[PDB]
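Novice: My questions will all concern the structure given below.
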Amino acid sequence: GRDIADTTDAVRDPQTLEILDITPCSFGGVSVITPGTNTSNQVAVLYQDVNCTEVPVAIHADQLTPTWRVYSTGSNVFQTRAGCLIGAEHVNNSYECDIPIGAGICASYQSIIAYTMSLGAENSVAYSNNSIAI
Amino acid sequence: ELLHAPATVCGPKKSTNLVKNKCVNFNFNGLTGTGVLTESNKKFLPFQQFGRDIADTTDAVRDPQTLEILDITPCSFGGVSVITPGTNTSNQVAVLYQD
Amino acid sequence: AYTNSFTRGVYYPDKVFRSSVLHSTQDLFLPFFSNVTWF
Amino acid sequence: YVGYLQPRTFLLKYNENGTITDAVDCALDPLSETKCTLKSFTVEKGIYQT
Amino acid sequence: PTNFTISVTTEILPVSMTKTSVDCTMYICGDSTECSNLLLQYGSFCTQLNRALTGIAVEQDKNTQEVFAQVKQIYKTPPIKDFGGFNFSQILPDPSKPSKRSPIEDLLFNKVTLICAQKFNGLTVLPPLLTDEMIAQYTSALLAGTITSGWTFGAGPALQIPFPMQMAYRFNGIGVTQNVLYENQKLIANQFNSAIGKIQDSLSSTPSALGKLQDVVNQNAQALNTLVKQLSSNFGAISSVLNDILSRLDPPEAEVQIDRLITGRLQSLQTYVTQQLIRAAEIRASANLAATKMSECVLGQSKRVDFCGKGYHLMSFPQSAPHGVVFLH
Amino acid sequence: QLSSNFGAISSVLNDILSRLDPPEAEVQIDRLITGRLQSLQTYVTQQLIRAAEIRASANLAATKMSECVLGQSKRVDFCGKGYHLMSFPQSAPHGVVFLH
Ligand SMILES: *[C@@H]1O[C@H](CO)[C@@H](O[C@@H]2O[C@H](CO)[C@@H](O)[C@H](O)[C@H]2NC(C)=O)[C@H](O)[C@H]1NC(C)=O
Ligand SMILES: *[C@@H]1O[C@H](CO)[C@@H](O[C@@H]2O[C@H](CO)[C@@H](O)[C@H](O)[C@H]2NC(C)=O)[C@H](O)[C@H]1NC(C)=O
Ligand SMILES: *[C@@H]1O[C@H](CO)[C@@H](O)[C@H](O)[C@H]1NC(C)=O
């Protein structure tokens, strides 16, 4: 069988008659987060739209010092909508966006921390039917 | 394999003397070109015989009979523009050369 | 024994003069920060 | 001592006097790859694709 | 004249688009190393295309930031509501739902309406930066601020004032004395409520209102489908699958037989990129117009004719929608 | 973009002309010409689009100079933040700077 865009995804077994599905093998892009090199040298790496339980094999895990996914195990593993982030830690505060990641996540160099952005402070104004302000 | 190093085997031709300060077309060991020759204050390294630019054009040569550091620069180019009033009014023109 | 050799062994690639530019080369080199065995 | 060679990619810093006073490897860490792709010895703040 | 009537109208404008990315080598040469070696002879076209696409991608976030972020404080609404007979229930947030959206926004959200192939050939969709919850929070803050203060929170600290006095002042801004409103309060309130009800009824019964955003969505889908359909053409070669050409002939002929396909696919990608840029320009122009309208009709009273509404302008309110905004005058 | 092959045996015209006889050199020159023409066309298109954007910016700047410097503006958030009083122009390379 085929698809609406000419692609094939179903093939029948020519010995034991049954249907099979065909799914493309994974691919994606690699991004690097660096504070200005005039100030430090620590970086972080992001892999797009992949479970990071599957990224000791996505890249061949061969390098003297790996691309600061140092034989990519250990702490600092976070799963977001944009993929998995290695090389930063999660905090439970909110600040202004320094470098944007996506879907409301921003990362800053104080090490490297990831947080959810805040839109501003909270204000409540007194309302009545006989009060004003000048 | 073509010239990727100092030449060793060459055909029969007649050598010619060296001039400067005139636009000429030369043939250096089979390498054709056109330009002018001058003197560079920067001396090449003992193992350097070629010079290039970003667009991969030959820049400087070290002659195969005598050792010097000569530069190549093509003789001057430029555009031409014409200033005229309406052809229904007169027939004189003026010419401008750019830079 | 083992010994570290940080930044050594870089040699001139070819025989063309290049003046104050940054260039890309694909050639065999000694990898940086390698263990160099000592006898 | 004894060393070994392997194929790599290098970015060489040439000066006016035609001396290789600095050269940066291209497969050592993410910063080197970022420098290779940007073709500069210093990187500003941001997120790049390699 | 002797009498007057109060009317409410609607206005719709798009803001942003969808963020896509394409990879050259996977789209052109698949996974064959020979095709990559052949492609290495054409220079740096693909870096140019990727740079153009990334530039297009950042601009949508820029536009959304320009439109929806005008205040830097989040304002709340009092829990007790007595506005002299004015009923704002159809535009305020609803706390009895997990989404925290007004009924009109809920109605709008339900009206606007190959996948593997995009996932196959190197096509990806990037997520936005601001979720819909944050945009709703911004809209609610703006609405609360304009309801409680007026035009005073756009030029400094917010100042409190009762709603009837604000309405009387706005009446004074068009050439009618204050005593007109104070003697006809209930009639004006009833006309306001009836107009809001009619607005919801008219929206929920005519599907030909939200066509502008549907047009953009359909345009993007059509462009992507046209791009994907071009991978089955010959252009001059004996086939279209690289593997057959590799398995049938020796390399010298496969060279030219692959060159033809390379050229064709390059041309297709160039056309796609150019069309995308041309569309993005018009999208940006619409976004700038929308930002100006939000600045000048929501935070003050306008004297320009036919800019904010149709008649003599009094006030306006914003609402959120998929990839756009809606104004009520 | 002048250092590419485009399938030809080299990238220097004189090198090709100094080795072969006219008919094959014609084919190689044809390949080179096609590539260079495509590059030039792409450059021109990008420049046209950027020019349109800059023109839009220039029109906005002219309107702002007309309305804020000469007179007092009642439009909200056009000339500054708050209630507008006056403005002054200053000159910068390839642009203009406003004081509100
Ligand atoms: C202006 O028009 C309104 C209708 O829009 C009139 O309002 C009606 O007034 C009568 C007078 O007693 C009431 O009985 C009705 O209940 C009102 N509403 C309606 C819908 O009819 C108003 O009277 C008009 N102005 C004047 C001065 O007559
Ligand atoms: C404000 O207007 C809304 C719109 O009708 C009113 O909502 C109705 O409220 C009554 C009584 O609570 C219900 O029986 C209806 O089902 C509601 N209809 C809708 C469409 O909401 C609301 O009551 C009004 N506010 C006040 C304080 O009366
Ligand atoms: C050098 O030796 C250490 C010892 O464990 C080893 O881990 C490392 O991979 C070796 N090579 C280097 C540092 O390049």
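The chain as shown is numbered from 1 upward.
Even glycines carry a Cβ here, placed using N, Cα and C.
According to Swiss-Prot, the protein carries these features:
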type: DISULFID; residues: E:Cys24-E:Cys46; note: disulfide bond
type: DISULFID; residues: E:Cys29-E:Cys35; note: disulfide bond
type: DISULFID; residues: E:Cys297-E:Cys308; note: disulfide bond
type: CARBOHYD; residues: E:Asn3; note: N-linked glycosylation site
type: CARBOHYD; residues: E:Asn87; note: N-linked glycosylation site
Novice: Here's one to test understanding: among the recorded positions E:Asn3, E:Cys35, E:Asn87, E:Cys297, whose C-alpha is closest in space to the C-alpha of E:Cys24 (disulfide bond)?
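Specialist: Comparing Cα positions, the closest of these recorded positions turns out to be E:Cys35.
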Novice: Listed recorded positions are E:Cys35, E:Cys46, E:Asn87, E:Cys308; which sit with C-beta under 6 angstroms of ligand 2?
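Specialist: Close enough to ligand 2 are E:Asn87.
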Novice: Within its own chain, what residues at least 6 apart in sequence put their Cβ under 8 Å from the Cβ of E:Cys308 (disulfide bond), listed in sequence order?
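Specialist: Listed in sequence order, they are E:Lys293, E:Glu296, E:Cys297, E:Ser302, E:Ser316, E:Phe327, E:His329.
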Novice: Applying an 8 Å Cβ threshold (strictly under) against chain D, tell me which of the recorded positions E:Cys24, E:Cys29, E:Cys46, E:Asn87 fall inside, in sequence order.
Specialist: none
Novice: Taking the Cα atoms as reference points, how far is E:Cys35 (disulfide bond) from E:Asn3 (N-linked glycosylation site) in Å?
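Specialist: Just about 79 Å between their Cα atoms.
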Novice: Give me the Cα-Cα distance between E:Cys46 (disulfide bond) and E:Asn3 (N-linked glycosylation site), rounded to a whole Å.
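Specialist: Roughly 67 Å, rounded to the nearest whole number.
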Novice: For a quick check of packing: other C-beta atoms within 10 Å of the C-beta of E:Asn87 (N-linked glycosylation site), how many?
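Specialist: I count 15 other Cβ atoms within 10 Å of it.
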Novice: Write down the Cα-Cα distance for E:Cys29 (disulfide bond) and E:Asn3 (N-linked glycosylation site), rounded and given in Å.
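Specialist: Rounded to the nearest whole number, the Cα-Cα distance is 74 Å.
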Novice: What Cα-Cα separation, expressed in whole Å, is found between E:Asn87 (N-linked glycosylation site) and E:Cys29 (disulfide bond)?
Specialist: 63
Novice: Among the recorded positions E:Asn3, E:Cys24, E:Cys29, E:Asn87, E:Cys297, E:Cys308, which have a Cβ atom lying under 6 Å from any atom of ligand 1?
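Specialist: E:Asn3, by Cβ distance under 6 Å.
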Novice: Residues with Cβ closer than 8 Å to the Cβ of E:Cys29 (disulfide bond), same chain and 6+ apart in sequence?
Specialist: E:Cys35, E:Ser36, E:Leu38, E:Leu39, E:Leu242, E:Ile262
Novice: Taking the Cβ of each of the disulfide-bonded residues and counting other Cβ atoms inside 10 Å, which one has the highest number: E:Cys46, E:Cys297?
Specialist: E:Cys297
